[PDB]
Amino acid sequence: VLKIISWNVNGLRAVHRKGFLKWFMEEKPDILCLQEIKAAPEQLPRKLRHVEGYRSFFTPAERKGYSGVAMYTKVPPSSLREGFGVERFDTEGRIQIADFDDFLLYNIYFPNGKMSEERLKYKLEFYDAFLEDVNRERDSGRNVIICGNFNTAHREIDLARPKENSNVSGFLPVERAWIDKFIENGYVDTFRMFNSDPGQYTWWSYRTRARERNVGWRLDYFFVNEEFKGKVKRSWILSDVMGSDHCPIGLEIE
């Protein structure tokens, strides 16, 4: 019976100033995966690097204040890999792959593609690189949990405004069609195992008070290889948890 929370935090210091540690202590997950920490361990106060009861692992971007992932874990993994083995995907603080023996845990910050054609191309080629890696590990016989900010709403049910956003990154046909492809490779959007309601989102704009209106997008996911789905009991969204433009999401297994 494990608890895992994934949160795209948008600044680990910012959330800290907002009461991250209290929230984390109230929630007591077995593993806490974070994305977009925008920080390297050296910029973090000692009480954030070292949380009583947890080993911490930070994978910052080469670029200061940019991107970065983190994992807190009551039980250390056996190993921790920080790349797909492709330099351009591996230096942006996007990838954590932790071996917990009963599964591999992918903690991924997938690229925003709305900036340019350059980055949308990078996002998609990142997607490609990820799929190879996850398939290679699954095909070798590992059960895999993937969580993080995928930066793509899968279906029209997954965002408040499906029609106006058909030409926007976050809901382009190429991106949606990569998630179809991913799922069709034997993986399961664990949230939609339990909940097929619309209005269920994980990200909202800061502008136009988008969160209060609930005009949002489901961008953050927990996926599992399908052979492992029986072991998942709960996959939910912690939508009342504030402090970032994303809310956290939760998974419970075995």
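Note that residue numbering begins at 1 and tracks the sequence as displayed.
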In the PDB record, does 99-107 or 159-167 carry the higher mean Cα temperature factor?
159-167
Tell me which stretch has the larger mean Cα B-factor in this entry, 63-71 or 204-212.
204-212
Maximum C-alpha temperature factor per the entry, among 38, 229, 218, 49, belongs to which one?
229
Please place residue 81 in the lowest, middle or highest third of its chain according to the CA B-factor in the PDB entry.
middle
Ranked against its chain, the third holding the CA B-factor of residue 189:
lowest
Relative to the other modelled residues in the chain, which third contains the C-alpha temperature factor of residue 237: lowest, middle or highest?
middle
Residue 247 - Cα temperature factor, lowest/middle/highest third of chain:
lowest
Among the chain's modelled residues, which third holds the C-alpha B-factor of residue 22?
highest
